[PDB]
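Engineer: This is the structure I have questions about; it appears just below.
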Amino acid sequence: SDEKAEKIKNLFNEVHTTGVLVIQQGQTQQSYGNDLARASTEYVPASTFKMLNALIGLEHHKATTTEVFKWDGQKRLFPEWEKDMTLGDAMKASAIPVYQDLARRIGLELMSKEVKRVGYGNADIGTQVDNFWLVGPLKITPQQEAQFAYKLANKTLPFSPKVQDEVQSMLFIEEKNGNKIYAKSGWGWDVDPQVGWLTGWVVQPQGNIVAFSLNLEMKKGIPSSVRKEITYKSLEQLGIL
């Protein structure tokens, strides 16, 4: 309804930024929030790109889910990143240096081919293999991110089913009221304006998949927890959680 839609718009209003939430069920998408035009606007994917990075890496055997990416000992952006980790550990922590390592393993030629083959966003990774998802040129819309998540959830992306299985496992967050929640956050803090993401899906008890992509502008005074916060209360308001 619009009872629901206005409640969701007001969620973005309270935190004094602009945002959109795209929801996909079956082949139908709906947009909510206080700036619906964001839904079809391109932004850098930031760490949401780890989903596809992992798919490509696993498909072509450039990494395994069990191997350990060693920490070289150099200081990193966050203390949580300063340890050895698996791709799954690094997915949960959004450990950028680990997935930059993976990107280099894949290499520019394979990465470009695969990004194009999948048709991800504007499918342009430029010439720098280990940051194209953080500062450009690669961009994607929230509509495309929601669709991507929906296909991943249904394992209809063009990768081996077991590879999609393994990446799903890395994205599992929690089980809430019988619903399984899968998600990947993103925060493009190296661009202006900063973009904040939460892309994922809900598996409801009977198996139905509800994909979503939250996209808003991150601002001073707006904590990163806002992404999951707004996403969850919006999903509760829509009766999905």
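Labeling convention for the structure tokens: chains A, B, ... as they appear, residues from 1 per chain, ligands from 1 in order of appearance.
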Taking 4 positions as the minimum chain separation for residues in the same chain, which residues sit within 10 Å of stretch 108-116 of chain A when counting only C-alpha atoms? Answer as JSON, numbers by chain.
Structural biologist: {"A": [52, 53, 55, 56, 57, 60, 103, 104, 120, 121, 122, 123, 124, 125, 126, 127, 128, 129, 130, 138, 158]}
Engineer: Could you save the residues just selected, with N, CA and C atoms, as a PDB file, in the first residue's frame?
Structural biologist:
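Here's the written file result-v2.pdb:
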```pdb
ATOM      1  N   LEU A  52      30.450 -11.038  -6.373  1.00  0.00           N
ATOM      2  CA  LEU A  52      30.823 -11.469  -7.715  1.00  0.00           C
ATOM      3  C   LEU A  52      32.310 -11.841  -7.785  1.00  0.00           C
ATOM      4  N   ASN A  53      33.144 -11.089  -7.065  1.00  0.00           N
ATOM      5  CA  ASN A  53      34.563 -11.411  -6.929  1.00  0.00           C
ATOM      6  C   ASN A  53      34.732 -12.871  -6.464  1.00  0.00           C
ATOM      7  N   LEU A  55      32.425 -15.325  -6.592  1.00  0.00           N
ATOM      8  CA  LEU A  55      31.897 -16.233  -7.615  1.00  0.00           C
ATOM      9  C   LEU A  55      32.928 -16.510  -8.712  1.00  0.00           C
ATOM     10  N   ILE A  56      33.512 -15.441  -9.244  1.00  0.00           N
ATOM     11  CA  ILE A  56      34.522 -15.574 -10.302  1.00  0.00           C
ATOM     12  C   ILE A  56      35.751 -16.356  -9.796  1.00  0.00           C
ATOM     13  N   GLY A  57      36.234 -15.988  -8.609  1.00  0.00           N
ATOM     14  CA  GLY A  57      37.395 -16.623  -8.011  1.00  0.00           C
ATOM     15  C   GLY A  57      37.191 -18.112  -7.804  1.00  0.00           C
ATOM     16  N   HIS A  60      36.755 -20.250 -11.231  1.00  0.00           N
ATOM     17  CA  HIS A  60      37.970 -20.526 -11.988  1.00  0.00           C
ATOM     18  C   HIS A  60      39.103 -21.032 -11.113  1.00  0.00           C
ATOM     19  N   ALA A 103      41.346 -10.473  -6.383  1.00  0.00           N
ATOM     20  CA  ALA A 103      41.224  -9.789  -7.677  1.00  0.00           C
ATOM     21  C   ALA A 103      42.513  -9.919  -8.484  1.00  0.00           C
ATOM     22  N   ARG A 104      43.654  -9.751  -7.820  1.00  0.00           N
ATOM     23  CA  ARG A 104      44.934  -9.885  -8.510  1.00  0.00           C
ATOM     24  C   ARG A 104      45.183 -11.296  -9.001  1.00  0.00           C
ATOM     25  N   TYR A 120      27.297  -7.342 -15.264  1.00  0.00           N
ATOM     26  CA  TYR A 120      27.177  -6.688 -13.972  1.00  0.00           C
ATOM     27  C   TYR A 120      27.325  -5.164 -14.076  1.00  0.00           C
ATOM     28  N   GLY A 121      26.271  -4.428 -13.735  1.00  0.00           N
ATOM     29  CA  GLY A 121      26.296  -2.968 -13.812  1.00  0.00           C
ATOM     30  C   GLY A 121      26.624  -2.433 -15.195  1.00  0.00           C
ATOM     31  N   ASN A 122      27.567  -1.495 -15.276  1.00  0.00           N
ATOM     32  CA  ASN A 122      28.004  -1.009 -16.581  1.00  0.00           C
ATOM     33  C   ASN A 122      29.141  -1.873 -17.124  1.00  0.00           C
ATOM     34  N   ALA A 123      29.483  -2.923 -16.375  1.00  0.00           N
ATOM     35  CA  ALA A 123      30.451  -3.942 -16.791  1.00  0.00           C
ATOM     36  C   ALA A 123      31.792  -3.368 -17.222  1.00  0.00           C
ATOM     37  N   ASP A 124      32.192  -2.252 -16.620  1.00  0.00           N
ATOM     38  CA  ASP A 124      33.452  -1.596 -16.976  1.00  0.00           C
ATOM     39  C   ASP A 124      34.402  -1.537 -15.772  1.00  0.00           C
ATOM     40  N   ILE A 125      35.496  -2.285 -15.832  1.00  0.00           N
ATOM     41  CA  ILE A 125      36.401  -2.348 -14.696  1.00  0.00           C
ATOM     42  C   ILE A 125      37.666  -1.529 -14.940  1.00  0.00           C
ATOM     43  N   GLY A 126      37.761  -0.907 -16.110  1.00  0.00           N
ATOM     44  CA  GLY A 126      38.919  -0.088 -16.407  1.00  0.00           C
ATOM     45  C   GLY A 126      40.202  -0.899 -16.414  1.00  0.00           C
ATOM     46  N   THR A 127      41.293  -0.302 -15.942  1.00  0.00           N
ATOM     47  CA  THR A 127      42.614  -0.915 -16.061  1.00  0.00           C
ATOM     48  C   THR A 127      43.272  -1.258 -14.725  1.00  0.00           C
ATOM     49  N   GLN A 128      42.608  -0.936 -13.620  1.00  0.00           N
ATOM     50  CA  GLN A 128      43.172  -1.194 -12.298  1.00  0.00           C
ATOM     51  C   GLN A 128      42.397  -2.322 -11.607  1.00  0.00           C
ATOM     52  N   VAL A 129      42.985  -3.518 -11.577  1.00  0.00           N
ATOM     53  CA  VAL A 129      42.249  -4.718 -11.196  1.00  0.00           C
ATOM     54  C   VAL A 129      41.869  -4.771  -9.714  1.00  0.00           C
ATOM     55  N   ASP A 130      42.547  -4.015  -8.851  1.00  0.00           N
ATOM     56  CA  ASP A 130      42.292  -4.170  -7.413  1.00  0.00           C
ATOM     57  C   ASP A 130      41.592  -2.993  -6.716  1.00  0.00           C
ATOM     58  N   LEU A 138      33.675   0.984 -12.430  1.00  0.00           N
ATOM     59  CA  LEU A 138      32.535   0.073 -12.346  1.00  0.00           C
ATOM     60  C   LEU A 138      31.413   0.692 -11.517  1.00  0.00           C
ATOM     61  N   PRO A 158      25.102 -17.170 -14.075  1.00  0.00           N
ATOM     62  CA  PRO A 158      25.772 -18.129 -14.967  1.00  0.00           C
ATOM     63  C   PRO A 158      27.108 -18.634 -14.380  1.00  0.00           C
TER      64      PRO A 158
END
```
Engineer: Pick out the residues sitting within 7 Å of stretch 167-171 of chain A, and hand them over as number ranges by chain; count only C-alpha atoms, and ignore anything fewer than 5 positions along from it in its own chain.
Structural biologist: A: 51, 54-55, 88, 91, 182-184
Engineer: Would you please extract all alpha helix (DSSP H) residues from stretch 79-196 of chain A, as assigned by DSSP on the backbone, and give them as a PyMOL selection string?
Structural biologist: chain A and resi 87-92+96-106+108-118+132-135+142-154+161-171
Engineer: Quick one, how far is atom CA of residue A:227 from atom CA of residue A:215?
Structural biologist: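 Taking atom CA of residue A:227 and atom CA of residue A:215, their separation equals 8.2 Å.
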Engineer: From the DSSP assignment of the backbone, select every residue of stretch 142-218 of chain A that is strand (DSSP E or B), and format the answer as a ChimeraX atom specification.
Structural biologist: /A:172-176,179-188,195-203,209-217
Engineer: Which residues are near residue A:220? Cut-off 12 Å, only C-alpha atoms, ignore same chain within fewer than 6 positions. Put them as a PyMOL selection string.
Structural biologist: chain A and resi 15-17+189+193-194
Engineer: Could you dump the residues just selected with N, CA, C and O atoms as an mmCIF file, in the first residue's frame?
Structural biologist:
```cif
data_model
loop_
_atom_site.group_PDB
_atom_site.id
_atom_site.type_symbol
_atom_site.label_atom_id
_atom_site.label_comp_id
_atom_site.auth_asym_id
_atom_site.auth_seq_id
_atom_site.Cartn_x
_atom_site.Cartn_y
_atom_site.Cartn_z
ATOM 1 N N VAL A 15 16.844 10.132 9.390
ATOM 2 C CA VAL A 15 18.295 10.105 9.483
ATOM 3 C C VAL A 15 18.895 11.184 8.566
ATOM 4 O O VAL A 15 20.111 11.314 8.424
ATOM 5 N N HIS A 16 18.011 11.974 7.968
ATOM 6 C CA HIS A 16 18.395 13.156 7.204
ATOM 7 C C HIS A 16 19.339 12.848 6.042
ATOM 8 O O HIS A 16 20.275 13.599 5.773
ATOM 9 N N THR A 17 19.085 11.749 5.344
ATOM 10 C CA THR A 17 19.780 11.502 4.086
ATOM 11 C C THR A 17 18.778 11.039 3.038
ATOM 12 O O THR A 17 17.596 10.838 3.339
ATOM 13 N N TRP A 189 33.382 4.880 0.661
ATOM 14 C CA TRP A 189 33.815 6.063 1.383
ATOM 15 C C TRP A 189 34.930 6.812 0.650
ATOM 16 O O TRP A 189 35.338 7.883 1.084
ATOM 17 N N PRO A 193 29.482 11.977 -3.504
ATOM 18 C CA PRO A 193 29.105 11.633 -2.130
ATOM 19 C C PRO A 193 29.309 10.151 -1.826
ATOM 20 O O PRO A 193 29.301 9.331 -2.735
ATOM 21 N N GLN A 194 29.506 9.824 -0.556
ATOM 22 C CA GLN A 194 29.670 8.441 -0.150
ATOM 23 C C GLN A 194 28.379 7.648 -0.383
ATOM 24 O O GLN A 194 27.275 8.156 -0.181
#
```
Engineer: Could you tell me how far atom CA of residue A:94 sits from atom CA of residue A:50, in Å to one decimal place?
Structural biologist: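 Calculated distance between atom CA of residue A:50 and atom CA of residue A:94 is 8.1 Å.
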Engineer: What is the atom CA of residue A:151-atom CA of residue A:66 distance in Å, reported with one decimal?
Structural biologist: 24.7 Å
Engineer: List the spatial neighbours of residue A:1 as number ranges by chain - criterion: any atom at most 12 Å away, only C-alpha atoms, same-chain residues fewer than 5 positions off excluded.
Structural biologist: A: 6-8, 30, 32, 237-239
Engineer: Fewer than 5 positions away in the same chain doesn't count, so skip those; otherwise give me all residues within 10 Å of residue A:38, counting only C-alpha atoms, as a list in words.
Structural biologist: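 Answer for this query is residues 18, 19, 20, 21, 22, 31, 33, 43, 141, 142, 143, 214, 215, 216 and 217 of chain A.
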Engineer: Have a look at A:224, A:144, A:47, A:65 and name the one nearest to residue A:96; count only C-alpha atoms.
Structural biologist: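 Nearest to residue A:96: A:47.
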